[PDB]
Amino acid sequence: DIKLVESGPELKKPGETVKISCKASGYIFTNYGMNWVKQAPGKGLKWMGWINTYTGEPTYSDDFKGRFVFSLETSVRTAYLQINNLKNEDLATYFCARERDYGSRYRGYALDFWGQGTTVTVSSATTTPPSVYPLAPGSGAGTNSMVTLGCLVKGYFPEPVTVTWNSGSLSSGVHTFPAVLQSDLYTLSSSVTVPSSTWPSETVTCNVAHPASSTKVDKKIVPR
């Protein structure tokens, strides 16, 4: 019943500001403190501070003084995290988390319910849609019980993109590889393995979406 939902991924230029929201429900919002946690890619969790949901008074880690501001809008059980004068080191995912209990102030409590996290990309690079390419086996490879297919999602910015197969009806034997940034452009691929007795007989398509550019491609994988 209790759940915290955060806003979507943000793309901001250095020097700009970003405001993240965290909507709570399922409990008395004003009874539990709300904490904020940062996590840069491949790095660990960093406590930023917490905000007293009853008084609105924030408490920041000395490492997050000045540029960060926690706020509230109790009316709609929402907590906000605003970051001013963004810099590349602010590029990371930010989580809001509820304190498991209450009653004390000087002490803290474990974080039981967490938002899904909001990824903030700090870059000057421009938004670019991806090109979606079908990856079908070579003509003269054949043979076998299984056949591996794929899709190449190239030249987009920023993250994320979603890639599914046959609208999600194909999930077994699927591998989606993390995007790699090269020259301000992202590239990612995904592979799917199905019975050679089913493809090319039965249709296999990868569904690709890039929210930032509103791109939606359903690329059918056809023999060569």
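Residue indices: 1-based, along the sequence shown.
Peer 1: Quick one: higher average CA temperature factor, 137-145 or 78-86?
Peer 2: On average, C-alpha B-factors are higher across 137-145.
Peer 1: Which is higher on average in the deposited entry, the C-alpha temperature factors of 196-204 or of 8-16?
Peer 2: Averaged over C-alpha atoms, the B-factors run higher in 196-204.
Peer 1: Highest CA temperature factor in the entry: which of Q39, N35, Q182, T176?
Peer 2: Among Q39, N35, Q182, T176, the highest C-alpha B-factor in the entry belongs to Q182.
Peer 1: Kindly indicate the residue among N166, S189, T162, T30 with the greatest C-alpha B-factor in the PDB record.
Peer 2: Across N166, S189, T162, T30, the entry lists the biggest C-alpha B-factor for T30.
Peer 1: Would you check the entry's CA temperature factor for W50 and let me know if it's in the chain's lowest, middle or highest third?
Peer 2: Middle third.
Peer 1: Which third, lowest, middle or highest, does the CA B-factor of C151 fall in along this chain?
Peer 2: For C151, the deposited C-alpha B-factor lands in the lowest third.
Peer 1: Thinking about Cα B factors across the chain, which third does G44 belong to?
Peer 2: Middle third of the chain for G44's C-alpha B-factor.
Peer 1: Relative to the other modelled residues in the chain, which third contains the C-alpha temperature factor of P158: lowest, middle or highest?
Peer 2: Lowest third.
Peer 1: Splitting the chain's C-alpha B-factors into thirds, which one does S124 fall into?
Peer 2: Highest third, going by the recorded CA B-factors of the chain.
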